[PDB]
Structures are given as C-alpha cells and as structure tokens.
Amino acid sequence: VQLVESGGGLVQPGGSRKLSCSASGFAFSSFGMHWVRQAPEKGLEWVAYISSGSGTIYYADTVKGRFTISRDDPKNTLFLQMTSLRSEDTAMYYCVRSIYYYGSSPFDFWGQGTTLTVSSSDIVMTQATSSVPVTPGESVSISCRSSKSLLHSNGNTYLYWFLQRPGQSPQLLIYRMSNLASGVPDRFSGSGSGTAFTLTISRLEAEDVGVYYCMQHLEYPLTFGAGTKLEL
Amino acid sequence: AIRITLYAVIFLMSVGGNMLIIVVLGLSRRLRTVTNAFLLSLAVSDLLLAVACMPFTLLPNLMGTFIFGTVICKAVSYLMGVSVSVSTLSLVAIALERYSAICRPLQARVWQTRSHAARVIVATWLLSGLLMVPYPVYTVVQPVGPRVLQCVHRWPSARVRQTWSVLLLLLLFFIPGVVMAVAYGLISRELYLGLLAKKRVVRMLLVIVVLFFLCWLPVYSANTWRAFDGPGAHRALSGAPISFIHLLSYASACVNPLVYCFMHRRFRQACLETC
Amino acid sequence: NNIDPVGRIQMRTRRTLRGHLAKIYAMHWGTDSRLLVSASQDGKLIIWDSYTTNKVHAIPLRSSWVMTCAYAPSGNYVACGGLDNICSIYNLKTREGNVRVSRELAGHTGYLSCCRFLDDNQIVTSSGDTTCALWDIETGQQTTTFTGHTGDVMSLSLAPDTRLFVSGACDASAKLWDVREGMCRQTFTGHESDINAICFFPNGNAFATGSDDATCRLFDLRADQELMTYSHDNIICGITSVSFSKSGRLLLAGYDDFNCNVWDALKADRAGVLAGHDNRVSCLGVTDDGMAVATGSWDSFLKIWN
Amino acid sequence: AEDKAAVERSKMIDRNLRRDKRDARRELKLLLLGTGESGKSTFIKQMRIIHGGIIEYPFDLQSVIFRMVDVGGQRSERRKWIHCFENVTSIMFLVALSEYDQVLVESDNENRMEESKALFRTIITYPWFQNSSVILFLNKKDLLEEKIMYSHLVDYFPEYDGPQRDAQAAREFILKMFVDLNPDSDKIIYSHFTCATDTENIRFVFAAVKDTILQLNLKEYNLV
Amino acid sequence: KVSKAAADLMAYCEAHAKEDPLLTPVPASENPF
Amino acid sequence: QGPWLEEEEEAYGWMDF
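Residues numbered from 1 in each chain as written, not as in the entry; some residues may be left out. Chains lettered and ligands numbered in written order. Heavy atoms only, no water. Residues with missing side-chain atoms left out of burial classes, pairs and counts.

The title given to this entry in the Protein Data Bank is "Cryo-EM structure of the cholecystokinin receptor CCKBR in complex with gastrin-17 and Gq".

Under the PDB entry, the name given to chain B is Gastrin/cholecystokinin type B receptor, and the source organism is Homo sapiens. Per UniProt, chain B carries the Sequence similarities text "Belongs to the G-protein coupled receptor 1 family." (UniProt positions renumbered as here; feature names shortened; annotations may be inferred.)

Okay, structure coming up:
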C-alpha cells in the first residue's frame, strides 16, 4: 500500500549517504526493484535494477562499480549505499516495483520519491516535443522515437509509457505499447511501428496534464528522453 | 598350465556378465535406485578393472614383454589404480547405504536419493583420481636383460615406499574391511532385533565380507611383503604365485556383480524380461 | 470412411517442464496460449509459461489432495479443489504480487473432482458428493445446485458458449445441466462404468467421456442417441484424461497405460502416440488457438507436445 | 527474457520444498480407514492429547515428525480417491473389535455377521500391493464378561471352535481369532493391542512404520 | 438423428481444418523452439 | 617362464594390481 524512501539531505559533493526504500503491503520477495531518478528540470534517467530475491543486479553503464545496493528481504527494505557523490547527481530518486512474466505489468507501482540536492551500443530514446499546450477534450497524440527496431523475436515490443502528475509518482499508463495498465481509465491507447511509437489520449479530463515519459526495455540500459510536458 | 584356461573362463564370465549389468543399468524403466546407480558405478569399475588388468598382467608373466608402448603401460597403471580404488570404495559405499537404510531408516529416507547417489559416485571417482595422482607418473620402463619390458613401479625413498604401502593397506583395504564388517554386522543385528529369509540375508552378508577379505588379503599383503622384506621376497614370490594372488582379487572382481546383482532373485527376474 | 485420414502423426515434446514434486492430477490451459495451471499432490498449483519453459507462479495449497485445476478466461483467478471439500479460488493478478486465496468455497460434502471457471466471477464445480454446484465468488455460496445424480460425479467440462455444461458420474450417467434454469436437459445412461474424464466440443454439439474399459465414447446433443464408441481392443487400461482439438477432428485421450492414445473424429483410429511418461497420463489439454499440447502424468513430469 | 532469474530460483524454492518434504519424508500418506461408530475420533484425540472431510494431524516430535491422514467421513465411492493413495506406507485400519455381535446401522438391523463380513469385504478389496502394510488396531477391552455373556458367540461364527461362557480366557481366544482372520499372509499386518484410553499408540505406529520401511528397504535395495 | 449431428461435425471439421496447428504443421520461423 | 630377476639380489617388483 505504501512505499517510503529516506536518505535525503544537504551533503557536499564527495560525500557518502544511505538511501533506504522501505516497502509494505505486497510480497516484496517476488518483485524486482528499479531505481529511476529524475533531474529537477531534465527528464528521468535509470540507475539500477535488482531481480526478485537479490539475483541479477543491473546498473546504468556509466555508474557500473560506483554504486552498491543490497536488499533486506525479511524486513522488505532496499539499502542503496551512496559512495563518491558528484555534483551532477542532484535528483529525485524513485523506488519502482516491477514483475516479469508473460502477461505481467512491470513498472506498475512507483515509490513516493526522495530528494538528493548536492551543492557546488547504448540505445537512446528521444521525445517529439518538450511541451504541448492542449485544452481538455481534444484527443492529443504524443509520439516518441528510438534507435532500434523494438520488434524482438518473442513477439512483443518492450515499450512502456508513463505519466507524472506534478508533485507525486510517475505512474504507468501503457506497457508493451498495446496493453492498458492497472489503476488508469479506459481512454489511453498506444500504437507505433518497430522504431517509432505514439500514444493517443482521447477525451482528456482533470489531472492527466503531467509530464509524459517513454521507455525502451529491450536491453539492460534504460533511456527516457527529456519527457513530453502537457500544458493547457 | 591351468592359468590360461581359468583366465579364459573368468574372462568370459566377468566380461559377459558385467556387460549384462551395463546394458540393463544404462536404461531405466523407473528401475534406477540408489543401489542400482551404485552398482552401475561398481559395474563400470569392475569392467575397466577386468579389461585393463586381466590380459596386461597375465601376458607379462607369460610372455615376459609388453608388445605395446610405454604410454600404454602408463595408461594401464592409471586404470589399475582408479579401478581398484573405485571398486573398493563402491563396496564401502553400498555397505554404508544399506547401513543407513536399515539403521536409522528415517534419517536415510530423509537424506538418500538419486542425486545423492550420483553425487557420492562422482565423489569416489574424483577422490580416487585426486589422491592417486603420482601413481601413473612413477611407472617409467626399465629394460632388463636382452629384451624384457618390465614397466615396474618405482618409489625412490624406502620410507616413502613403505609409507605409501601401509597407507594403501590401511585406507584402501583395512578401513574398507572394518567398515564393511561392522556395517553388515549392524544389518544382521537390527534384522534379528526388529524381527526364514533372515538367515539367507545373514549368510549373504557373511559370505560377502569373508570373500572380500579372503580375496583382497593376498595382493595387499604382497605389496607390504615387498615393502618390508625387500630382497629375497621377490625371488620366492615370482611367476605363478603372483598370478594366483592377483587371480584371487580377479575372482572378487568377477563375483561382485554376481553376488550383488545376479544371485539375488529380483534382479535375475528383471534380467529375464530384458533379454 | 468419407473423411480423409490424418495418418500416423509423429508428435514430439518440444519442451519438458519439471518442478512438480509429486503426482500431477489435473491441468488447465489459460486463454492467452502461454499460460497454464497444473497441480500435484505435494500441495503445489503451478502456473507455467509454455513457450519459454518457465513457472509463472507457484501457489502453495493447504489442500494437498487436489484433483482439479481451473484457469479463468480473463486470467485473473485459478481454482483448486480436492479432498478437503472446498473450492479454493486464488487471485493471480493482484497488486500484492503473491497469488493469494480470495474465497474458500465450503459447503460440499464430497471430494471435488473437476471445477471450471464459467465466467470471471462464476464458478461451476463437480464433486464426489453426487452433486454439482454453480457458485458466485463474491457471495461465496452456491448460486445453484445440481442434485439428482445416482452416482458420484467425477468430471466437468467448460462450455465455450458459457451456457450449458455437461458432467459425468460414476453410475454411467452423463447428464447435461443448464446454468440458468438449473435442471437436467439430457441424460446419457448408455454406459457400463464410471465417467473418469469428460471434454466438450468447441461448437457444443458433442462431448467425449473417459472410462475404465478403453472406450472413448462420444455422445451428441441433438441426435438423442448413444451409438458411436471409440473402443480399442488391445488396450484394457482406462482413460484418465480427455481433451479436444479446435476443429474436432483430433481427439486427445490420456490413458492409464502411461501413453496418450490420440484418435480421430469419425473412423476412430490410433492417430498419435505420446509415449514419454513413466506413470499413467493423468491430465491433457490444448491451447485455445492450438499451438501447444500439454500432458501431465503421475511421474511429476509435464510435457509440451507440438 | 528477464523472467529466467525469477524462475530458476523458483526451481530451488520447489527444491527447498523437495528438501523439506524429504526432511518430512518420515511422513507419508498414513491413510486411516474405518467405519461408522468404531470410535475413530476417540483414538485420534487420544494420540493428540498424550503428545501435546479429510483432516491432517501433525504429530511433530524430536524422534519423528509425524502427520496422520484422517479419511473419516467422506461419504463417496472408494475407488476413485483410492487412486490418490498409492504411495501409502501403511493403510491404517480400525476393526470393530469391541462390538462382537452388533447389527448394521442401516434400517434392516437384523444382519447376522454381515457387519463384520462387510468389514472383511472392505479388507479384501486391495488393488495395490507395492507399499501396502496394514497396521491393524484393536479396540477397547474395558468390559468383557457381560458383553461376551449376553449373546452366544459360537452360533454367529461358523468356523469358531473355542471355549465359551467364561469371562477371561474367551477374551484371549476371541482376540486371537480376530487377529488370526488375516487373509493376506504374504504381506505383514502389524496388529497392536490397545484400549480406547490406553497410551503409547504413537510408539506402536512408529515401530510399525519403521518395520515396514525396513521391509521395503530390504526389497528395493536387493537385500532380500 | 445421428446423421445431422454427424454432418454438422463434417462441416465444422472441413471449415476450420486450416487454422489447426495439429492438423497442419507450422513452420519453425514463428517460434524458435 | 623367465623370472623377473636377472641378477643377484636386485628385488625387482611388479605392478600392484
């Protein structure tokens, strides 16, 4: 029901911290944890991944070796130890719950998010527009591009859409470009080719005006782009 | 003499009888068990023991020379050591599996399975390989006389010679003998205490232990006899007595699939359907 | 006959699915063609991923004597039963992530033999207390009860049209029951022994039954007669599982003789043999589109035959 | 894909359940079988209290973790769910020892021997002999002389040739006759003598399952 | 009557034989096996 | 036939198995 994060504060660049994602209300042992972080003005970018039960620990390619993390499974906690903190790591960290099987919904429920403000080959996705003003009731299409044909031989596209309402977590909207997520209404619909993708938001209402986000998931690194803001 | 005839008969009996064990234990119509897998290990060990030792020991006593090369004799020496070690350790292991199967049977039902059987079989194979590493590297050939290829095993220090001899006598004969004896004694004790066929089982156990002791006593006592007495001992023990002393262990190798598989009723009836 | 032969079809196990610790009694396929459920007497109801050879979920059961599996057409729930008289409904797609029990359907006085998810929230269960019952998940009680059998009911078949189900009993009666009105439409008493397993046509016009005398008897609805039987003289072992093809041409029949004798619709010939199991074939099913065939036996081994 | 890491370790989870089921492989399908009014529940609560629908009873102990499968009740055809119980180490069965002469609970109430003859017919119908070792249990022996005395024993029992109209010895001969009506002598039926309130029942079943594990270990280790 | 249900069976088998992967073997391109 | 020893007190052994 509730995921709480801790470990924020004001530390000089070059310090050490302990981020802690405490989780409750679900069987945390059979879930995989992501650690998407957000720049205060630039979009999301992925940091780390751990499979269910402390197995295949993944990382972003530039922070491979510099971050260490463990999971306390009997108490349902994540211990992200922060070492050699740089000035470019001012971010809003999220704690992402995902599960991987057939017919699953990864990236379904997201953490609340804690801040971290310090003073002073690779598939890359890109957005279409940084900000689009749309009055509600116009069925806006938001598109995104990539650098690979995400039409893997198993028969599904590893594309995950999102939405961040201003202030709280970026909840999932569309997974596998055609399957509607849990907790969202029956008005969103995704489409796209092998490389280019699009998302139709029909009959817009209140509160679905946050910044949108898109994800490739075919390889281990994960790229978001700048994020399409939706305006009025 | 009678050596070539009795070696021919024990060749046909051992190789043919073990071949039936190999073909029926290789396939499994839900018949494989802990003892069936361990008897498969005993069968491959005894088959390798027969094909490696029986002709390549009889011919040096009769012909006096190996026709084949020295690397053949190195491979034969490794086969001697690994086949003897796996055969005796397989006997100990089958005795211990039966020991746990009757003494504390609940713990064995907890802790014995097919994966445990294969794990212990690989353990005896790897430990027999690992402990006996210097055996095939000290079997270089010294030619003696005009043309005799002996390929005798040489250890330089007499202390090292007698230490390896007494260690082979202890760890590969004495502890196997006493563990086999006390295990089958506890089998008989719980067979009579818990409860006709029990006399048949007790006779089977007694004849297995006394047959193992009687057959494997002369080769180990002969190795210690070279280790201690040295000169003069080789003069008295040469030719035919060496052949018969090895032949007793050879008879143990041929009777092990006989007494463990063939003489038992169920395995004979099961072999009837396979043929 | 007039129909063209399918011939001797060489059928191979593409993927072997191991991980059940004891004898598997029932399996059911999910409707999205990669998901299945299969259960053993260890107390495990396992959701298996078919094409990539995986366990989607492992569900511990308090009832360790389970004889049935049901998978929801929506895919959200599964149903187990067994000797503890209770149809346990487990929710697969939860926020919690663990597959947890939603409702324990108690009230039956006999062993649960075959349950099938009629709808997303409606469940039909056949039991060994001679009666069948349609239950609702939210209420937790029998929506309707199907009494009046003479022998103990052993099998149940899900209607594809979700309107009219048929169940077979021990007293050689295959009775069809309508869900809404709750009364018995048709009785098939022309048999000599128990109905071990039953499976029902994709149209709904026919259904084949499993017996203990190697007769895969088909009975059809509008014909009102019991004439065609699929009897093999060589086999004496009984039919433990019955499943159908999409076209209805090809009959999947798992037997007590540790083989799957696969037959044809009309002329009833041995079409395929799926001999890869040590113990008797207890459960057998196909996907809705028909890519995969799943065979589970008492040897704790589940095999996809393609 | 990335489902692999979820599943392979789920393998060892079942292998943990392979381990724990082997850690409790001293448990097996201890199938209690019985008839009405034989006082099955009395012995069941006796075994629960002294060491303190199908119902499973965990008798966990340092010597033996134990779980007894009560198939009392479950009014249904025996053949279909008896397929489920091939792995039984012991088909535990209660015989109506105490009520020598009673008539069946069905409405006729006039049957001569047909209660005990029906129980004997349930004894006969055994389709699996691979691991079946019936542990026979005797019922209470509190009151003998009146129960033996009021109804004459010999006329009901066709083959019985023993002393009668005596309080103490006839108990011993009728008990030896009931434990001597063992039709299958190739296997071993492990009869025990216990009253309704008599203790040490767990030691009798533990010794009987140890003895049948010894017999099966003799059979399948080629040690016969 | 048996004949009408039988003819319904023939019509349904002849109509839907093509989609069946059991009756018509499928190429291995779609699934890597 | 031919003895293993072809000299005076040489004590030449044989293969152990």
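And the narrative resumes.
Caption draft 1: Structural context of the overall build of chain E. Summing up its helical and strand segments, chain E has one helix and zero strands in all. Its C-alpha atoms give chain E principal-axis dimensions of about 45 × 15 × 10 Å. Buried residues in chain E amount to 30% of all 33 residues. Counting only carbon and sulfur atoms, one obtains 61% of the accessible surface of chain E, whose full area is about 2,200 Å². (Helix = DSSP H or I, 4+ residues; strand = E, 2+ residues; numbered from the N terminus. Buried < 20%, exposed > 50% of the residue type's maximum accessible area, 1.4 Å probe, protein only. Areas by Shrake-Rupley, 256 points an atom, 1.4 Å probe, with all protein chains shown as cover.)

Caption draft 2: Inspection of the interface of chain E and chain C at higher detail. At the interface, 19 residues of chain E touch 27 residues of chain C. Across the chain E to chain C interface the summed buried area is about 2,000 Å²; carbon plus sulfur atoms make up 66%. Contact with chain C buries surface across chain E, with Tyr12, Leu22 and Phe33 of chain E losing the most and accounting together for 31% of the total. Taken together, the links from chain E to chain C amount to one salt bridge. Summed over the shared surface of chain E and chain C, the result is four residue pairs in polar contact. (Contact = heavy atoms within 4.5 Å. Buried area = accessible area lost by both parts, 1.4 Å probe. Salt bridge = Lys/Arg side-chain N within 4 Å of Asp/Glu carboxyl O. Polar contact = N/O pair within 3.5 Å; in protein donor to acceptor, adjacent residues only side chain to side chain.)

Caption draft 3: Representation of the sheet that holds strand 19 (residues 206-209) of chain C. All names here are of chain C. Strand order in this open sheet of three strands is 18-19-20, and the pairing throughout is antiparallel. Of all the strands in the sheet, just strand 18 (198-200) and strand 20 (218-220) have a single pairing partner and so form its edges. On average, adjacent strands in this sheet sit at an angle of 20° to one another, irrespective of strand direction. Note: strand 18 against strand 19, three bridges, orientation antiparallel. Counted as the bridge partner of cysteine 199 is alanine 208 from strand 19. (Pairing = 2+ DSSP bridges. Axes fitted to C-alpha atoms, helices over the stretch in contact; angles between N-to-C directions.)

Caption draft 4: Highlighting a nonpolar patch on the surface. Taken together, the side chains of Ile4, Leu59, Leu62, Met63, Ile67, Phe68, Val71 and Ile72 of chain B make up a nonpolar region of the molecular surface, amounting to roughly 800 Å² of accessible area. With respect to the element layout, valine 71 of chain B can be found in helix 3 (residues 70-102). (Patch = residues over 30% accessible without salt bridge, like charges linked within 9 Å, V, L, I, M, F, W, Y side chains within 5 Å.)

Caption draft 5: Broad picture of the side chain of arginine 3 of chain B. Locating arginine 3 of chain B in the fold gives a position in helix 1 (residues 2-26). Although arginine 3 of chain B is buried, it makes no salt bridge; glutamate 6 of chain F carries the closest opposite charge, 15 Å away. With residues near it in sequence (within four places) discarded, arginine 3 of chain B still touches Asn61, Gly239, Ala240, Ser243 and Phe244 of chain B. (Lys, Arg positive; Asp, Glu negative; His and termini not counted.)

Caption draft 6: Region of the structure containing the sheet that holds strand 15 (residues 164-169) of chain C. All names here are of chain C. Here four strands make up an open sheet; going across it, the order is 14-15-16-17 and the pairing antiparallel. Where the open sheet ends on each side, the last strands, each with one partner, are strand 14 (153-157) and strand 17 (184-188). Sheet twist, expressed as the average angle between the axes of neighbouring strands with direction ignored, equals 20°. Alignment of strand 15 against strand 16 (residues 174-178), held across five bridges, turns out to be antiparallel. Pairing of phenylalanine 165 across the sheet is with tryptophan 177, part of strand 16.

Caption draft 7: Region of the structure containing the pattern of salt bridges. Considering all chains together, one arrives at 22 salt bridges over all chains under this definition. As a salt-bridge pair, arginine 226 of chain B and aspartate 16 of chain F come within 2.4 Å of each other at their nearest N and O atoms. Taking the shortest distance from any N to any O, the salt bridge between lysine 21 of chain D and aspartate 42 of chain C comes out at 3.8 Å. Taken together, the residues span two chains, with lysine 21 of chain D in helix 1 (residues 3-23) and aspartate 42 of chain C in the loop between strand 3 (35-40) and strand 4 (44-49). For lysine 21 of chain D, a relative accessible area of 27% translates into the label partly exposed. Given a relative accessible area of 15%, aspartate 42 of chain C falls into the buried group.

Caption draft 8: Broad picture of the packing of aromatic side chains. Tallying each qualifying case throughout the model produces 38 aromatic pairs over all chains. A ring pair is formed by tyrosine 213 of chain A and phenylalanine 224 of chain A, whose centres lie 6.3 Å apart and whose planes are at 85°; its orientation type is edge-to-face. Here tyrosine 213 of chain A is found in strand 23 (residues 211-216), whereas its partner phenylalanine 224 of chain A is found in the loop between strand 23 and strand 24 (229-231), with 11 residues between them in sequence. Using a relative accessible area of 2% as the deciding quantity, one classes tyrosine 213 of chain A as buried. With a relative accessible area of 1%, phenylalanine 224 of chain A lands in the buried category. For the pair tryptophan 155 of chain B and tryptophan 164 of chain B, a centre-to-centre distance of 4.9 Å together with 20° between the ring planes defines the contact as stacked. Looking at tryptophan 164 of chain B, the relative accessible area reads 23%, which means it is partly exposed. Counting every residue linked through ring pairs, the aromatic cluster contains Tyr135, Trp155, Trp164, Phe173, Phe212, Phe213, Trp216 and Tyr220 of chain B together with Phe17 of chain F. (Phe/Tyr/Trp six-rings, centres within 6.5 Å; stacked < 30°, edge-to-face > 60°.)

Caption draft 9: How the structure looks around the UniProt feature "transmembrane region" in chain B. Residues and elements named next belong to chain B. Here, the residues flagged by UniProt with the feature "transmembrane region" are residues 4-25, 34-55, 78-96, 117-135, 166-188, 204-225 and 244-264. Between the end C-alpha atoms of residues 78-96 there is a gap of 27 Å, over a span that is 100% helix and 0% strand. Between the end C-alpha atoms of residues 244-264 there is a gap of 28 Å, over a span that is 90% helix and 0% strand.

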